[PDB]
Amino acid sequence: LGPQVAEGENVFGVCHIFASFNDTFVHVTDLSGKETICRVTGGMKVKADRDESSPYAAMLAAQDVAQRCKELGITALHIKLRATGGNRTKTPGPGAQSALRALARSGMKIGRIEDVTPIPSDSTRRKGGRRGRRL
Amino acid sequence: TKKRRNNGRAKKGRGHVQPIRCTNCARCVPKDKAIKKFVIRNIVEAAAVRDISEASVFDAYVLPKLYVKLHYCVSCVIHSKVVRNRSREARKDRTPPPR
Amino acid sequence: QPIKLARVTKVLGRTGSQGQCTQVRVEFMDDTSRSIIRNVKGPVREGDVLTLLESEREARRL
Amino acid sequence: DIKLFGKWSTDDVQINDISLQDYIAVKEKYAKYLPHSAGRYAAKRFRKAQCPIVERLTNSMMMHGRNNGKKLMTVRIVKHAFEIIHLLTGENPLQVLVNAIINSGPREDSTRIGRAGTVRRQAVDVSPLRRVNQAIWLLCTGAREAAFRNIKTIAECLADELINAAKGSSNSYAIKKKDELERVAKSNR
Amino acid sequence: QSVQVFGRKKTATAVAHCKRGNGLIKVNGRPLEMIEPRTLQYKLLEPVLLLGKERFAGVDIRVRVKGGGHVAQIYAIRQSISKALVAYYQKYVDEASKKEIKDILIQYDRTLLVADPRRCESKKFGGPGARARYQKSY
RNA sequence: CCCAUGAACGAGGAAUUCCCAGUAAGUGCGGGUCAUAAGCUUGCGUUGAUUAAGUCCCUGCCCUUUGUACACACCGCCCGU
């Protein structure tokens, strides 16, 4: 059902924000991470190719995630923000900041913020050539 | 003509330096020739720091920092305006900008 | 949504392809003033009153 | 018989404040007994707003090519059938001025976006001067381009706009258009 | 000697011979709010409601009012009455009372002493008017 | 000058020109041409605004640095069946 204890005490989930440069994920799971509460992406909120990673779509996804979590009994979130990682870009996309702000402004409490992009000790070859992509 | 005395790299006293991939185009550029930036920014931007701080469960959580290392090839470093072309005399100046 | 009075200290200027938006810096009068920069448009009187009907909209540059 | 002017009073007419002169400010040389002054409001910026929103509303209704600038019509609007109803009302005459905009007044708009795309609009808001400038420029323009051949035509074009012009309500219609688009722009946060 | 500048504005003029006489209330010799164009007829009623009937028992202002243009001929009567009161009070008792009624009248409205300097500007080359140009083909 | 037999009678293909206040536009009047000769031009008044107090996106100009195999100067030079 729901956690019905200590109405004056927070309930903590984990939000896995995958802010790629193509779209963004707002993914709230159980504290362990094994069981997921709700996953809303930028592509299910706006319908066009570029705006999938827009800050607007990210904040809409974060608002929907916060609404669903509040209806499900979760009140606070730990933030585990990631980029694409691997050998590709290590910086988070445009939707990270707006998703985090829309979580912090939609009635949610924020716990620990940490960065979890996958960083190789050394990677395989990148998708480009030795001359890179020339567009 | 010989434009730069160091040939636009930092290879002195060795034959081969391992290459790296430009963060923008994924071009193979020698590690000494590549233009390296190290951005230590805030995970949460200034326009979003205040809202995160109000929503924080812990008082004075001190927000985490994002450490990103960027390697640029010459073309992508010039296009992104990280470095510009300088005069024949200003080219020899190796002082970093004050920032 | 409380409207807060803001006094303009410096006009950052116009933004756009042909120039269609404005940016300024504003501070409070006697309300623990902070040098907060927000987008304005056109007329700004000498010590005008920007309407911070929201404290979380710091219009972002670049 | 110690009352000031011909319509105001000072003995028991209390507004409990002085901070209610955002658009209307008549305390200096800019006073003329009737709003008939001809004159210019394009000599330098901010001057269209310094035209008080009463005079702005009644006198910036000069658009299109048939009644473009001719001040006899503003004279008709504000002079005939308003000073009479100011006392023919019987009630407190402040209602007409204070039943217009304090909830109507647009408090945000937006600006074009990027190099490719028009599906959103970067949020901007102003101090009252440019918000009045832009919002009621577009209001007057839309009202004249669409309301050409108006059933609400002059010799009775004082009541509706003088009740939905200055302050005190949320009932104006082009204002509702700009307020809904204001919320659309407000969504940029 | 004789100090007489009367009233004028833009184009029109109200020659105001100020002297002692009947000095009845008349504009163009005609009643209070009775002017035929009927547009700006209140501008003179305002002051005479403050002082009283005794004050205008000896101020004859004989006005030759000529000139077409409302914003000229009107707004020149206010200038003329301002100068009439100014001269009368300056010459008769003292300039403190003239100071006072001139203060109320001029701080009441700026535009008596100041006229519009705007006038039609010259036509130029290769255009239908001052700024417009003829259509340029390619 | 006029008799009412209706003019798609109330915002306009890609392509574009001009314009920031007594300005645009409407409106007529003089001068030149000339016999009163004007739908031209050159001036003059009269009614009289909407927008903007910005930018370098387009078209171009200027002051610097930079590259050039161009100097007939990029409508250049030049490569291969």
# chains A, B, ... in the order shown; residues from 1 in each chain; ligands from 1
$ residues_around --residues "residue 127 of chain A" --least-positions-apart "4" --cutoff "10 Å" --atoms "only C-alpha atoms (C1' of nucleotides)" --output "MDAnalysis selection string"
(chainID A and resid 87:88 132:133) or (chainID B and resid 25:26)
$ interface_residues --of "chain C" --to "chain F" --cutoff "12 Å" --atoms "only C-alpha atoms (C1' of nucleotides)" --output "list in words"
residues 13, 14, 15, 16, 17, 18, 19, 20, 21, 22, 41, 42 and 43 of chain C
$ select_by_dssp --residues "chain B" --states "helix (DSSP H, G or I)" --output "PyMOL selection string"
chain B and resi 46-55+74-79+90-92
$ residues_around --residues "segment 48-51 of chain F" --least-positions-apart "5" --cutoff "9 Å" --atoms "only C-alpha atoms (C1' of nucleotides)" --output "list in words"
residues 62, 63, 64, 65, 68, 69, 70 and 141 of chain D; 20, 22, 24, 25 and 26 of chain F
$ residues_around --residues "segment 86-93 of chain B" --least-positions-apart "5" --cutoff "10 Å" --atoms "only C-alpha atoms (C1' of nucleotides)" --output "number ranges by chain"
B: 3-5; F: 65-66
$ write_last_selection --atoms "C-alpha atoms (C1' of nucleotides)" --output "PDB file, in the first residue's frame"
ATOM      1  CA  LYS B   3      54.819  29.661 -37.937  1.00  0.00           C
ATOM      2  CA  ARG B   4      55.445  28.461 -34.376  1.00  0.00           C
ATOM      3  CA  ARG B   5      58.751  27.608 -32.732  1.00  0.00           C
TER       4      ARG B   5
ATOM      5  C1'   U F  65      44.228  41.097 -36.112  1.00  0.00           C
ATOM      6  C1'   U F  66      44.584  36.886 -39.335  1.00  0.00           C
TER       7        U F  66
END
$ residues_around --residues "segment 70-80 of chain B" --least-positions-apart "5" --cutoff "9 Å" --atoms "only C-alpha atoms (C1' of nucleotides)" --output "MDAnalysis selection string"
chainID B and resid 20:31 33:39 85
$ closest_residue --among "F:67, F:78, F:52, F:73" --to "chain B" --atoms "only C-alpha atoms (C1' of nucleotides)"
F:67
$ closest_atom_pairs --of "chain F" --to "chain E" --cutoff "8 Å" --atoms "only C-alpha atoms (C1' of nucleotides)" --output "Markdown table"
| residue | atom | partner | partner_atom | distance |
| --- | --- | --- | --- | --- |
| F:17 | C1' | E:135 | CA | 5.0 |
| F:18 | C1' | E:133 | CA | 5.5 |
| F:19 | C1' | E:132 | CA | 5.7 |
| F:22 | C1' | E:118 | CA | 5.2 |
| F:23 | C1' | E:131 | CA | 7.0 |
| F:24 | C1' | E:132 | CA | 7.5 |
| F:43 | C1' | E:123 | CA | 6.9 |
| F:45 | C1' | E:120 | CA | 7.8 |
$ select_by_dssp --residues "chain B" --states "strand (DSSP E)" --output "list in words"
residues 19, 20, 21, 28, 29, 30, 35, 36, 37, 38, 39, 40, 41, 42, 65, 66, 67, 68, 69, 70, 71 and 72 of chain B
$ interface_residues --of "chain B" --to "chain A" --cutoff "9 Å" --atoms "only C-alpha atoms" --output "ChimeraX atom specification"
/B:21-29,43-45,47-49,51-58,61,63-66,68-69
$ write_last_selection --atoms "C-alpha atoms" --output "compact mmCIF listing (two decimals), in the first residue's frame"
# COMPACT_ATOMS: atom_id res chain seq x y z
CA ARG B 21 39.95 12.17 -29.01
CA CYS B 22 38.50 15.66 -29.21
CA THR B 23 35.43 15.95 -27.00
CA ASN B 24 33.55 17.67 -29.84
CA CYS B 25 34.37 15.88 -33.10
CA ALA B 26 36.24 12.80 -31.77
CA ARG B 27 39.33 13.71 -33.80
CA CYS B 28 42.68 12.09 -33.03
CA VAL B 29 44.91 14.88 -31.68
CA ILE B 43 26.20 20.61 -10.56
CA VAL B 44 23.26 22.97 -10.00
CA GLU B 45 23.43 26.30 -11.82
CA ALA B 47 19.49 30.12 -11.28
CA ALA B 48 18.74 26.71 -9.72
CA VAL B 49 20.94 26.83 -6.60
CA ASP B 51 15.47 26.43 -5.20
CA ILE B 52 17.58 23.33 -4.53
CA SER B 53 18.84 24.89 -1.29
CA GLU B 54 15.32 25.61 -0.04
CA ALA B 55 14.25 22.06 -0.92
CA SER B 56 17.32 20.51 0.74
CA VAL B 57 16.59 18.14 3.61
CA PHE B 58 19.95 19.03 5.18
CA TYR B 61 24.35 20.79 2.39
CA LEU B 63 26.25 21.50 -3.24
CA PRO B 64 28.53 19.12 -5.17
CA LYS B 65 30.76 20.24 -8.02
CA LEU B 66 31.04 18.93 -11.58
CA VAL B 68 34.84 17.90 -16.53
CA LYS B 69 38.01 17.63 -18.61
$ interface_residues --of "chain D" --to "chain C" --cutoff "8 Å" --atoms "only C-alpha atoms" --output "PyMOL selection string"
chain D and resi 45-46+111-112+115+124-131+189
$ decode --residues "segment 99-110 of chain E" --atoms "N, CA, C and O atoms" --output "PDB file, in the first residue's frame"
ATOM      1  N   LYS E  99       2.060  87.549  -8.381  1.00  0.00           N
ATOM      2  CA  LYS E  99       2.815  86.324  -8.153  1.00  0.00           C
ATOM      3  C   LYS E  99       1.875  85.169  -7.845  1.00  0.00           C
ATOM      4  O   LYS E  99       2.023  84.076  -8.389  1.00  0.00           O
ATOM      5  N   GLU E 100       0.856  85.420  -7.021  1.00  0.00           N
ATOM      6  CA  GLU E 100      -0.007  84.339  -6.553  1.00  0.00           C
ATOM      7  C   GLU E 100      -0.935  83.831  -7.656  1.00  0.00           C
ATOM      8  O   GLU E 100      -1.036  82.616  -7.886  1.00  0.00           O
ATOM      9  N   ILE E 101      -1.617  84.738  -8.363  1.00  0.00           N
ATOM     10  CA  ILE E 101      -2.571  84.248  -9.360  1.00  0.00           C
ATOM     11  C   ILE E 101      -1.835  83.742 -10.599  1.00  0.00           C
ATOM     12  O   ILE E 101      -2.269  82.780 -11.247  1.00  0.00           O
ATOM     13  N   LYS E 102      -0.690  84.345 -10.930  1.00  0.00           N
ATOM     14  CA  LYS E 102       0.149  83.759 -11.960  1.00  0.00           C
ATOM     15  C   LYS E 102       0.676  82.402 -11.528  1.00  0.00           C
ATOM     16  O   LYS E 102       0.778  81.498 -12.354  1.00  0.00           O
ATOM     17  N   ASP E 103       1.008  82.229 -10.250  1.00  0.00           N
ATOM     18  CA  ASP E 103       1.464  80.924  -9.796  1.00  0.00           C
ATOM     19  C   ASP E 103       0.391  79.876 -10.029  1.00  0.00           C
ATOM     20  O   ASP E 103       0.649  78.839 -10.651  1.00  0.00           O
ATOM     21  N   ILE E 104      -0.839  80.155  -9.591  1.00  0.00           N
ATOM     22  CA  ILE E 104      -1.891  79.152  -9.749  1.00  0.00           C
ATOM     23  C   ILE E 104      -2.147  78.879 -11.230  1.00  0.00           C
ATOM     24  O   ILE E 104      -2.241  77.720 -11.650  1.00  0.00           O
ATOM     25  N   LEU E 105      -2.189  79.932 -12.056  1.00  0.00           N
ATOM     26  CA  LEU E 105      -2.519  79.732 -13.468  1.00  0.00           C
ATOM     27  C   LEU E 105      -1.401  79.025 -14.234  1.00  0.00           C
ATOM     28  O   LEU E 105      -1.674  78.135 -15.047  1.00  0.00           O
ATOM     29  N   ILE E 106      -0.140  79.394 -13.999  1.00  0.00           N
ATOM     30  CA  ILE E 106       0.954  78.863 -14.808  1.00  0.00           C
ATOM     31  C   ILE E 106       1.407  77.500 -14.291  1.00  0.00           C
ATOM     32  O   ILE E 106       1.671  76.587 -15.080  1.00  0.00           O
ATOM     33  N   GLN E 107       1.544  77.333 -12.971  1.00  0.00           N
ATOM     34  CA  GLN E 107       1.799  75.991 -12.464  1.00  0.00           C
ATOM     35  C   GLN E 107       0.591  75.088 -12.656  1.00  0.00           C
ATOM     36  O   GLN E 107       0.728  73.862 -12.589  1.00  0.00           O
ATOM     37  N   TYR E 108      -0.585  75.673 -12.893  1.00  0.00           N
ATOM     38  CA  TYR E 108      -1.752  74.886 -13.259  1.00  0.00           C
ATOM     39  C   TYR E 108      -1.556  74.223 -14.619  1.00  0.00           C
ATOM     40  O   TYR E 108      -1.820  73.025 -14.778  1.00  0.00           O
ATOM     41  N   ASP E 109      -1.066  74.974 -15.606  1.00  0.00           N
ATOM     42  CA  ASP E 109      -0.793  74.425 -16.929  1.00  0.00           C
ATOM     43  C   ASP E 109       0.454  75.084 -17.496  1.00  0.00           C
ATOM     44  O   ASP E 109       0.584  76.306 -17.443  1.00  0.00           O
ATOM     45  N   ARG E 110       1.360  74.273 -18.044  1.00  0.00           N
ATOM     46  CA  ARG E 110       2.613  74.806 -18.578  1.00  0.00           C
ATOM     47  C   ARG E 110       2.407  75.532 -19.903  1.00  0.00           C
ATOM     48  O   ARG E 110       3.010  76.585 -20.140  1.00  0.00           O
TER      49      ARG E 110
END
